[PDB]
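So this block is final29.txt, compact mmCIF, C-alpha atoms and all ligand atoms:
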# COMPACT_ATOMS: atom_id res chain seq x y z
CA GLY A 1 46.20 29.35 107.21
CA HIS A 2 43.02 27.09 107.18
CA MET A 3 41.34 28.66 104.13
CA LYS A 4 42.00 29.80 100.56
CA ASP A 5 44.85 32.40 100.29
CA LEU A 6 43.41 35.96 100.27
CA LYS A 7 46.73 37.67 99.38
CA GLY A 8 46.48 40.17 96.51
CA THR A 9 42.66 40.38 96.56
CA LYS A 10 40.22 43.24 97.05
CA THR A 11 38.57 41.05 99.72
CA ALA A 12 41.84 41.26 101.75
CA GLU A 13 41.53 45.05 101.80
CA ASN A 14 37.79 44.94 102.55
CA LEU A 15 38.44 42.69 105.62
CA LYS A 16 41.00 45.28 106.84
CA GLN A 17 38.58 48.20 106.36
CA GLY A 18 35.79 46.16 107.99
CA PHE A 19 38.04 45.50 111.00
CA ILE A 20 38.85 49.26 111.37
CA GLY A 21 35.15 50.26 111.23
CA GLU A 22 34.01 47.53 113.64
CA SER A 23 36.80 48.44 116.10
CA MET A 24 35.72 52.10 116.08
CA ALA A 25 32.02 51.13 116.42
CA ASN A 26 32.57 49.21 119.64
CA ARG A 27 34.58 52.09 121.19
CA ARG A 28 32.00 54.71 120.00
CA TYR A 29 29.00 52.81 121.32
CA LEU A 30 30.59 52.22 124.76
CA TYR A 31 31.53 55.94 124.96
CA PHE A 32 27.93 56.88 123.98
CA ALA A 33 26.62 54.42 126.63
CA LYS A 34 28.43 56.43 129.35
CA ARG A 35 26.50 59.56 128.27
CA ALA A 36 23.24 57.62 128.44
CA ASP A 37 24.34 56.31 131.91
CA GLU A 38 24.98 59.87 133.24
CA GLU A 39 21.64 61.14 131.89
CA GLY A 40 19.54 58.30 133.32
CA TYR A 41 18.71 56.27 130.15
CA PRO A 42 19.55 52.70 131.29
CA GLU A 43 17.61 51.02 128.45
CA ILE A 44 19.46 53.11 125.82
CA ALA A 45 22.78 52.43 127.59
CA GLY A 46 22.04 48.72 127.73
CA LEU A 47 21.17 48.62 124.02
CA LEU A 48 24.39 50.43 123.15
CA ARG A 49 26.34 47.92 125.24
CA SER A 50 24.60 44.92 123.66
CA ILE A 51 25.11 46.29 120.12
CA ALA A 52 28.75 46.88 121.07
CA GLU A 53 29.03 43.10 121.76
CA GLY A 54 27.77 42.57 118.21
CA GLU A 55 30.57 44.83 116.91
CA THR A 56 33.09 42.78 118.93
CA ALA A 57 31.82 39.60 117.23
CA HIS A 58 32.08 41.30 113.84
CA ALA A 59 35.65 42.53 114.46
CA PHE A 60 36.80 39.14 115.71
CA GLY A 61 35.22 37.37 112.71
CA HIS A 62 37.11 39.70 110.37
CA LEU A 63 40.36 38.78 112.21
CA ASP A 64 39.49 35.07 111.85
CA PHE A 65 39.20 35.38 108.07
CA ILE A 66 42.33 37.55 107.93
CA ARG A 67 44.35 34.92 109.94
CA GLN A 68 42.89 31.90 108.08
CA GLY A 69 43.47 33.57 104.67
CA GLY A 70 47.17 34.22 105.35
CA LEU A 71 46.83 38.03 105.77
CA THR A 72 48.56 40.33 108.29
CA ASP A 73 47.26 42.36 111.25
CA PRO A 74 45.37 45.48 110.01
CA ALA A 75 47.20 47.68 112.55
CA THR A 76 50.80 46.52 112.04
CA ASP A 77 51.10 44.49 108.78
CA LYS A 78 52.68 41.67 110.90
CA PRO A 79 51.47 38.03 110.84
CA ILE A 80 49.12 36.98 113.69
CA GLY A 81 48.92 33.19 113.22
CA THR A 82 50.56 32.01 116.45
CA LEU A 83 50.46 33.48 119.96
CA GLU A 84 54.14 34.47 119.63
CA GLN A 85 53.35 36.32 116.38
CA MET A 86 50.37 38.02 118.09
CA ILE A 87 52.69 39.29 120.87
CA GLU A 88 55.23 40.41 118.21
CA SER A 89 52.41 42.40 116.49
CA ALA A 90 51.53 44.03 119.85
CA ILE A 91 55.23 44.94 120.32
CA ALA A 92 55.48 46.40 116.77
CA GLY A 93 52.40 48.63 117.18
CA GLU A 94 53.38 49.87 120.67
CA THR A 95 56.92 50.56 119.38
CA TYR A 96 55.62 52.66 116.46
CA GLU A 97 53.40 54.63 118.89
CA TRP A 98 56.07 55.47 121.52
CA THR A 99 59.03 56.01 119.14
CA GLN A 100 57.21 57.94 116.36
CA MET A 101 53.43 58.55 116.54
CA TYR A 102 52.64 60.06 119.96
CA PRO A 103 55.93 62.09 120.27
CA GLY A 104 55.19 63.60 116.80
CA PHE A 105 51.56 64.33 117.78
CA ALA A 106 52.80 66.06 120.97
CA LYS A 107 55.35 68.22 119.02
CA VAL A 108 52.62 69.32 116.52
CA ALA A 109 50.11 70.03 119.34
CA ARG A 110 52.70 72.29 121.06
CA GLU A 111 53.51 74.08 117.74
CA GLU A 112 49.73 74.67 117.08
CA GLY A 113 49.34 76.10 120.66
CA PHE A 114 47.47 73.17 122.30
CA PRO A 115 49.70 72.38 125.32
CA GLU A 116 47.00 70.42 127.20
CA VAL A 117 46.52 68.09 124.19
CA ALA A 118 50.36 67.82 123.91
CA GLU A 119 50.58 66.74 127.58
CA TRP A 120 47.97 63.99 126.84
CA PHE A 121 49.99 62.74 123.84
CA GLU A 122 53.17 62.77 126.01
CA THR A 123 51.35 60.73 128.69
CA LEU A 124 50.29 58.27 125.98
CA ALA A 125 53.83 57.99 124.53
CA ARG A 126 55.13 56.97 127.98
CA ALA A 127 52.18 54.56 128.41
CA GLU A 128 52.86 52.82 125.05
CA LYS A 129 56.60 52.53 125.95
CA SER A 130 55.51 50.78 129.17
CA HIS A 131 53.15 48.50 127.19
CA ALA A 132 55.93 47.63 124.72
CA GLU A 133 58.30 46.73 127.58
CA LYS A 134 55.67 44.49 129.28
CA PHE A 135 54.91 42.66 125.99
CA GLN A 136 58.67 42.22 125.30
CA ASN A 137 59.03 40.52 128.70
CA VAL A 138 56.11 38.14 127.70
CA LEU A 139 57.81 37.28 124.37
CA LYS A 140 61.03 36.41 126.27
CA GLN A 141 58.83 34.07 128.51
CA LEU A 142 57.27 32.38 125.42
CA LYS A 143 60.54 31.76 123.48
CA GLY A 144 61.98 30.24 126.73
CA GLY B 1 45.70 78.19 120.21
CA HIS B 2 42.06 77.60 121.26
CA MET B 3 41.64 73.94 122.39
CA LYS B 4 37.80 74.45 122.10
CA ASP B 5 38.20 75.14 118.30
CA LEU B 6 40.51 72.53 116.76
CA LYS B 7 38.79 72.53 113.32
CA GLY B 8 41.23 72.44 110.36
CA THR B 9 44.36 71.81 112.50
CA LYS B 10 46.88 68.95 112.21
CA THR B 11 46.05 68.17 115.88
CA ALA B 12 42.39 67.50 114.83
CA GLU B 13 43.63 64.87 112.31
CA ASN B 14 46.07 63.36 114.87
CA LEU B 15 43.22 62.92 117.42
CA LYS B 16 41.24 61.05 114.71
CA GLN B 17 44.19 58.79 113.79
CA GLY B 18 44.95 58.20 117.48
CA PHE B 19 41.30 57.13 118.00
CA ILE B 20 41.47 54.68 115.06
CA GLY B 21 44.68 53.07 116.33
CA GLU B 22 43.57 52.83 119.95
CA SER B 23 40.24 51.30 118.85
CA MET B 24 42.05 48.60 116.89
CA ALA B 25 44.55 47.94 119.73
CA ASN B 26 41.76 47.12 122.20
CA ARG B 27 40.11 44.71 119.73
CA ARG B 28 43.44 43.10 118.79
CA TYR B 29 44.57 42.55 122.38
CA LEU B 30 41.23 40.98 123.43
CA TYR B 31 41.38 38.69 120.36
CA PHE B 32 45.00 37.71 121.24
CA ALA B 33 43.87 37.07 124.86
CA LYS B 34 41.56 34.30 123.66
CA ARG B 35 44.52 32.48 122.08
CA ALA B 36 46.46 32.77 125.36
CA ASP B 37 43.30 31.48 127.12
CA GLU B 38 43.01 28.30 125.08
CA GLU B 39 46.77 27.55 125.26
CA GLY B 40 46.92 27.90 129.07
CA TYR B 41 48.71 31.26 129.50
CA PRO B 42 46.47 33.04 132.05
CA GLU B 43 49.07 35.64 133.01
CA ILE B 44 49.61 36.64 129.33
CA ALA B 45 45.82 36.70 128.80
CA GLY B 46 45.43 38.87 131.92
CA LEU B 47 48.15 41.31 130.77
CA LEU B 48 46.47 41.59 127.36
CA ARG B 49 43.13 42.30 129.00
CA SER B 50 44.60 44.87 131.42
CA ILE B 51 46.55 46.69 128.66
CA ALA B 52 43.29 46.64 126.61
CA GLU B 53 41.69 48.71 129.43
CA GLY B 54 44.54 51.19 128.89
CA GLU B 55 43.68 51.38 125.21
CA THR B 56 40.01 52.03 126.14
CA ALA B 57 41.12 54.98 128.32
CA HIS B 58 43.26 56.31 125.46
CA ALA B 59 40.46 56.06 122.88
CA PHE B 60 37.94 57.69 125.19
CA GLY B 61 40.37 60.53 125.99
CA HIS B 62 40.84 61.19 122.27
CA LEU B 63 37.03 61.36 121.90
CA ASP B 64 36.84 63.79 124.82
CA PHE B 65 39.29 66.20 123.12
CA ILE B 66 37.46 65.71 119.77
CA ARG B 67 34.05 66.62 121.26
CA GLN B 68 35.47 69.51 123.38
CA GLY B 69 37.26 70.85 120.26
CA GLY B 70 34.03 70.92 118.18
CA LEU B 71 35.30 68.08 115.93
CA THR B 72 33.17 65.29 114.45
CA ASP B 73 33.03 61.50 115.05
CA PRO B 74 36.06 59.83 113.40
CA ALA B 75 33.82 57.08 111.93
CA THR B 76 30.95 59.18 110.48
CA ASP B 77 32.06 62.87 110.29
CA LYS B 78 28.85 63.63 112.34
CA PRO B 79 28.83 65.78 115.53
CA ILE B 80 28.72 63.83 118.79
CA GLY B 81 28.15 66.57 121.40
CA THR B 82 24.75 65.51 122.76
CA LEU B 83 23.21 62.04 123.30
CA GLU B 84 20.80 62.67 120.39
CA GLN B 85 23.75 63.51 118.14
CA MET B 86 25.57 60.34 119.30
CA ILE B 87 22.53 58.20 118.33
CA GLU B 88 22.33 60.05 114.97
CA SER B 89 26.06 59.24 114.41
CA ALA B 90 25.36 55.57 115.20
CA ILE B 91 22.40 55.55 112.73
CA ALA B 92 24.54 57.21 110.00
CA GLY B 93 27.31 54.61 110.29
CA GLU B 94 24.96 51.61 110.46
CA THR B 95 23.01 52.93 107.45
CA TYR B 96 26.23 53.26 105.38
CA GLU B 97 27.29 49.74 106.38
CA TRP B 98 24.04 47.94 105.53
CA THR B 99 23.05 49.92 102.41
CA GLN B 100 26.52 50.24 100.80
CA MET B 101 29.62 48.91 102.54
CA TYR B 102 28.85 45.29 103.47
CA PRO B 103 26.73 44.51 100.36
CA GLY B 104 29.59 45.82 98.21
CA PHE B 105 32.15 43.76 100.18
CA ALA B 106 29.92 40.67 99.79
CA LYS B 107 29.69 41.16 95.99
CA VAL B 108 33.47 41.48 95.68
CA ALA B 109 34.09 38.41 97.83
CA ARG B 110 31.61 36.33 95.75
CA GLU B 111 33.17 37.55 92.49
CA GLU B 112 36.70 36.74 93.77
CA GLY B 113 35.67 33.15 94.72
CA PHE B 114 35.40 33.49 98.51
CA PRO B 115 31.79 32.42 99.20
CA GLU B 116 32.31 31.89 102.98
CA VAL B 117 33.63 35.46 103.29
CA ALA B 118 30.76 36.71 101.12
CA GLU B 119 28.18 34.97 103.36
CA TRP B 120 29.86 36.58 106.41
CA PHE B 121 29.57 40.03 104.82
CA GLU B 122 25.88 39.36 103.98
CA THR B 123 25.27 38.30 107.62
CA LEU B 124 26.89 41.54 108.72
CA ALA B 125 24.81 43.61 106.30
CA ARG B 126 21.63 42.19 107.78
CA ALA B 127 23.07 42.72 111.32
CA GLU B 128 23.86 46.42 110.70
CA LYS B 129 20.30 46.91 109.23
CA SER B 130 18.92 45.50 112.51
CA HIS B 131 21.24 47.82 114.48
CA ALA B 132 20.14 50.81 112.47
CA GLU B 133 16.47 49.96 113.16
CA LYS B 134 17.12 49.58 116.94
CA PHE B 135 18.90 52.96 117.04
CA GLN B 136 16.08 54.56 114.97
CA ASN B 137 13.70 53.29 117.72
CA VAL B 138 15.85 55.10 120.33
CA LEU B 139 15.77 58.33 118.32
CA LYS B 140 11.96 58.11 118.09
CA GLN B 141 11.87 57.74 121.92
CA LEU B 142 14.34 60.74 122.39
CA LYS B 143 12.92 63.11 119.59
CA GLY B 144 9.25 62.53 120.51
CA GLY B 145 9.50 62.27 124.34
CL CL A 201 16.25 54.47 128.92
CL CL A 202 50.83 32.65 131.53
FE FE A 203 29.26 45.58 112.97
FE FE A 204 49.45 50.44 124.16
FE FE A 205 47.12 53.28 123.68
FE FE A 206 26.35 47.79 113.85
Represent the structure of the file as C-alpha cells.
Ligand SMILES: [Cl-]
Ligand SMILES: [Cl-]
Ligand SMILES: [Fe+3]
Ligand SMILES: [Fe+3]
Ligand SMILES: [Fe+3]
Ligand SMILES: [Fe+3]
Amino acid sequence: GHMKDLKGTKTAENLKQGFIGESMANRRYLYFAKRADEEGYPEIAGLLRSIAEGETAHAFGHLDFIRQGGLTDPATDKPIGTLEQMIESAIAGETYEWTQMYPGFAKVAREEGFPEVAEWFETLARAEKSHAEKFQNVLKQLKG
Amino acid sequence: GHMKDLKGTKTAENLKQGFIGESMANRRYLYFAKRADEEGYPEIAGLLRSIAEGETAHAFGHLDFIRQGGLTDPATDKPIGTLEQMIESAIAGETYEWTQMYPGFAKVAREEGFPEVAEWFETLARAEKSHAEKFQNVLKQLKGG
C-alpha cells in the first residue's frame, strides 16, 4: 500500500499482536461495563465504555498500518486492501469457523462431558455458516 | 463433566481461542464497514454492522462460560468473577501494555526504520498509562468505599 513495505519485519508481527490485544480489550471492557450497569455504577460503566472507544481507535490504527504496509488480516492471513478483499477475508474466517473450528470445539466439549457448552458451539457453527453465506451473496453483488 | 470447573480441559482453551477470534471479527467487520460507507454501499455496511453484533454476542457468551467455569480472563490470566476483579484485570493488562509491550514495539519499529509506526506505538504507550491511571482511580473508589 501507501507506506514502506512491512513484510518480513518484527514490526509486522507486533502490529498483529497489538491488533489481537486491542480487539480483546474492547470486548472485555464492554462486558465489564454491563456488570457495572447491573450493580448501579454508571460513572464506572461510562468510563469503561469511553476507554473501549480508545481501544477501537487503537485497533483500527493497527489495521491502517497493516493495510498500508502490505500485510494481511491478523485473523485470516488474507489481504484487506480493497472492499472486495475485505469481504473475501470475512468469508475465509467464517468458513474456517463453521467447517472446522466450532464443530471441533463442540465434539471436544461433548467428549469432556460439557454438553451445554457443546450446544453453544453447535449454535455458533450454524451462525458462522449463515454469516459466510450472507457475505458470499455480497461478494457476488460486488463482482457484478 | 462439571461445567462449573473447566480448569485444565481442552474446552477451557477452546473458549479462550473462541473469545480471541470473535473479538477480532467484531473489530474487523466494523473497520470493513467504514470502507463500504465511504464507497457508497450502505447495505453492505449495514450487514457488516449487524453481523458484528452477532460476534459481540458470541464473544460475551464465551466470557460467560469462562467466568462460570472458574477460568481466567483470556487477555490477562486474571479472575473476572466480580466487578473489582474485572477492574483489576483491566489494570493488569494496561500496566503490561504501557510498561512493556508498546515501548518494546516502539523500539523495534524505530530500529527497523518505521518511525511513523514507532510514534504510533509511543502514543499508545502513553494512552494505556492514562487508562491504567483511570482504572486505578476506580479501584480506589471501589476498595475504599
Ligand atoms: Cl459509578
Ligand atoms: Cl450497498
Ligand atoms: Fe489500547
Ligand atoms: Fe461470524
Ligand atoms: Fe462469531
Ligand atoms: Fe487501554
Could you build a table of the residues in chain A lying no more than 9 Å from ligand FE 206 (chain A), giving for each the nearest pair of atoms and their separation in Å rounded to one decimal place, using all atoms listed in the file, ordered by chain and ascending residue number, as CSV?
residue,atom,partner,partner_atom,distance
A:22,CA,A:FE206,FE,7.7
A:25,CA,A:FE206,FE,7.1
A:26,CA,A:FE206,FE,8.6
A:51,CA,A:FE206,FE,6.6
A:52,CA,A:FE206,FE,7.7
A:54,CA,A:FE206,FE,6.9
A:55,CA,A:FE206,FE,6.0
A:58,CA,A:FE206,FE,8.7
When the cut-off is 9 Å and you count only C-alpha atoms and all ligand atoms, which residues lie near ligand CL 202 (chain A), shown as an mmCIF file with C-alpha atoms, keeping the file's coordinate frame?
data_model
loop_
_atom_site.group_PDB
_atom_site.id
_atom_site.type_symbol
_atom_site.label_atom_id
_atom_site.label_comp_id
_atom_site.auth_asym_id
_atom_site.auth_seq_id
_atom_site.Cartn_x
_atom_site.Cartn_y
_atom_site.Cartn_z
ATOM 1 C CA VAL A 138 56.110 38.140 127.700
ATOM 2 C CA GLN A 141 58.830 34.070 128.510
ATOM 3 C CA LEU A 142 57.270 32.380 125.420
ATOM 4 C CA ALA B 36 46.460 32.770 125.360
ATOM 5 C CA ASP B 37 43.300 31.480 127.120
ATOM 6 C CA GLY B 40 46.920 27.900 129.070
ATOM 7 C CA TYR B 41 48.710 31.260 129.500
ATOM 8 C CA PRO B 42 46.470 33.040 132.050
ATOM 9 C CA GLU B 43 49.070 35.640 133.010
ATOM 10 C CA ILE B 44 49.610 36.640 129.330
ATOM 11 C CA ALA B 45 45.820 36.700 128.800
ATOM 12 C CA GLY B 46 45.430 38.870 131.920
#
> For ligand FE 203 (chain A), which residue out of B:5, B:94, B:111, B:22 is the nearest one, using all atoms listed in the file?
Replying inline: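 Closest candidate: B:94.
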>> Show me, as a ChimeraX atom specification, every residue of chain B with an atom at most 8 Å from chain A, counting only C-alpha atoms.
In response: /B:1-3,9-11,14,19-21,23-27,29,31-32,35-36,44,51,56,58-60,65,75,83,86-87,90,105,108-109,112,114,117,124,131,138
> Which value, in Å to one decimal, gives the distance between atom CA of residue 143 of chain B and atom CA of residue 42 of chain A?
Replying inline: 17.0 Å
> Do you have the atom CA of residue 137 of chain B-atom CA of residue 103 of chain B distance handy?
Replying inline: 23.4 Å
> Quick one, how far is atom CA of residue 45 of chain A from atom CA of residue 17 of chain B?
Replying inline: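 Spanning atom CA of residue 45 of chain A to atom CA of residue 17 of chain B is a straight-line distance of 26.3 Å.
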>> Need to verify the contact set: residue 126 of chain B, 10 Å, only C-alpha atoms, exclusion of same-chain residues closer than 6 positions in sequence. Can you return it as a ChimeraX atom specification?
In response: /B:97-99,102-103,132
Leaving out residue 4 of chain B and any residue of its chain fewer than 6 positions from it, which residues lie within 8 Å of it when counting only C-alpha atoms, given as a short mmCIF file (atom, residue, chain, number, x, y, z; two decimals) with C-alpha atoms, in the coordinates of the input?
data_model
loop_
_atom_site.label_atom_id
_atom_site.label_comp_id
_atom_site.auth_asym_id
_atom_site.auth_seq_id
_atom_site.Cartn_x
_atom_site.Cartn_y
_atom_site.Cartn_z
CA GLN B 68 35.47 69.51 123.38
CA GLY B 69 37.26 70.85 120.26
CA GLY B 70 34.03 70.92 118.18
#
